[PDB]
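Chain nomenclature is as follows: A, B, C, D, E and F, assigned in order of appearance, with residue numbering initiated at 1 for each chain independently.
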Amino acid sequence: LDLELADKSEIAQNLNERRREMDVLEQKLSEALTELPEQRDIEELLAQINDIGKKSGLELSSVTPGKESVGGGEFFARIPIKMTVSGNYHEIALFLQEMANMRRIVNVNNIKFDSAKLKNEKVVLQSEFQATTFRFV
Amino acid sequence: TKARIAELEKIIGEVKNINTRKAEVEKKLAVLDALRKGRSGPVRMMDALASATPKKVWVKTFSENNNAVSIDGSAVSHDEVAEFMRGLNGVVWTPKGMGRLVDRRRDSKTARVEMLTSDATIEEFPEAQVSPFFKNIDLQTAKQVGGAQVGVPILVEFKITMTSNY
Amino acid sequence: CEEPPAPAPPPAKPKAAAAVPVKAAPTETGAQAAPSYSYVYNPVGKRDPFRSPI
Amino acid sequence: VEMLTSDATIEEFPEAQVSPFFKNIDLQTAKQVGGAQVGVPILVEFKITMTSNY
Amino acid sequence: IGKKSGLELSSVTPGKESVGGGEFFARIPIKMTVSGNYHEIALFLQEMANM
Amino acid sequence: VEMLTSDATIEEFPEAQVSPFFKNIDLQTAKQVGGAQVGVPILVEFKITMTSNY
């Protein structure tokens, strides 16, 4: 009994170290197929996107999920998320680099931004970044 | 005993199923990050020249007026356009004046890449600076152009206007 | 039942005991990342432009 | 084909972009035309206006 | 230290860790944006440099 | 060096002083210029305007 209780803590810690890194690379390339819940990892992704947006000073004008890419992989359905935040160039580079330093699976790819003021009377950059996570099939 | 030992054979079955897939992932990905450089390549910088010195495969149009230069360009990502924009200046611009050159850009009558925002007349307040010789007004625009099945650029098209010094 | 402590060998809770400590779970779960970081960047610049135009 | 909305004069602000050479103003209209017992199209008729670049 | 120097802290913005800024350390930069008098900003700086 | 703010005409009230011969209006601007891979300055570029005495 008492040695098995040692094995349980050892392998639970090894599981945590997985999640910690196997997820992260599920952003880099992507990773396995899955055991995945990720049902318990998408709303936290939206929430943390909102948080890194707030601490970067950006107004999150719209976050829009996507459709899973049924033909975007045999071992994974990619869900893309299009984020729409406005502010300063320094602050949007900040927002992007923070999402690219996150512990979750938000691989940012195609980026855009432009000056949101018609007449151009004050500096302001509306920014739309595309960033996706890879659930299983 | 026989309960939790089974628990542990399962949890370690996971940990191994885990550990072997990770090493194929790091590798497949490192390939992927070589390939994204292999699609930025044919568009970006080192890849047509002939000594790897800038500007190279590069930035597009240059047009001056002996007070400011209104350039038109393309960079690798949110990074090299950030390196380039940092190397110049960063400004809070305010009361912009509209002039007949803007409409000549809307008219297409002055030949340029109307991916670009317009303008070249305003009043500037410094936010950050790096070149004491350059007052960049702002990264006027930037759009990552992906391409199609006929070919890539994937890079970030952009436009900047900057009054130098002297 | 089992008493305040049990009887004396201790009884039996080396086996109940040991193949407990604990449930285990084991909760093979909730790890944390260092992530990793990329490196920057290749130049020295070249002149044509901009020496003449300023 | 006066399935179509009209117009071709306005002022445009970019939302998303893919062709650095094309400024599409908007998908001006789109209507899935089904057809009849004499024959199909079933497709989505549409109209777009776009100022190029140059 | 900004408040006791009399400065209005208009913006504090963290950075990204510099993954290639060292083998033994990730540097996190913080960009601070405070407004006031020259004496007060020299004060703010020297206090942050005495922390 | 249009790193510099402009101007040279105003009305001044003393805050602190050290030279009885100099009325500096203000450190009109100051920006630490870092440089590039081609070379450094790293120093703090600045601009001041000052009416002397006499």
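Here is the rule we go by: a residue touches a chain if its C-beta (ideal position, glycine included) is under 8 Å from a C-beta of that chain, and two chains touch if they have at least 3 such contacts.
J.: Show me the overlap between the contact partners of subunit A and those of subunit F.
T.: Joint contacts, listed by label: B, C, E.
J.: Looking at chain pairs A-B and A-C, which one is connected by more C-beta pairs in contact?
T.: Between A-C and A-B, contacts are more numerous in A-B.
J.: What whole-number Å value describes the gap between the mean CA coordinates of subunit D and subunit E?
T.: Using C-alpha averages as centres, the distance is 51 Å.
J.: Please work out the Cα centroid separation of subunit B and subunit F, and write it as a whole number of Å.
T.: 35
J.: Mind checking the centre-to-centre distance between subunit D and subunit F? Centres are C-alpha means, answer in whole Å.
T.: Between these chains, centre-to-centre, one finds 57 Å.
J.: Mind pulling the residue numbers of subunit A that touch at least two other chains?
T.: 1, 4-5, 7-8, 11-12, 14-15, 18, 21, 90, 101, 112, 114, in rising order.
J.: Mind pulling the subunit C residues that touch 2 or more other chains?
T.: As it turns out, subunit C has residues touching two or more other chains at 15, 18-20, 23-26, 28, 35, 40, 43-45.
J.: Which residues belonging to subunit B are in contact with no fewer than two other chains?
T.: 1, 4-5, 7-8, 11, 14-15, 133, 141, 143, 146, 164-166
J.: Which pairs of chains touch each other in this structure?
T.: A-B, A-C, A-D, A-E, B-C, B-D, B-F, C-E, C-F, E-F
J.: Mind pulling up the subunit A residues that touch subunit B in the complex?
T.: Where subunit A meets subunit B, its residues are 1, 4-5, 7-8, 11-12, 14-15, 18, 21-22, 25-26, 28-32, 35, 88-90, 93, 96, 110-115, 119-123, 125.
J.: In their complex, what parts of subunit B are in touch with subunit F?
T.: Listed in rising order, the residues are 87, 126, 129-133, 135, 163-166.
J.: If we count contacts the way the header does, which residues on subunit A are in touch with subunit C in the complex?
T.: 1-12, 14-21, 23-24, 101-103
J.: Using the touch rule from the top, collect the residues of subunit E that touch subunit F in their complex.
T.: So the residues of subunit E in touch with subunit F come to 37-39.
J.: How about subunit F: which of its residues touch subunit C in the complex?
T.: 36-38
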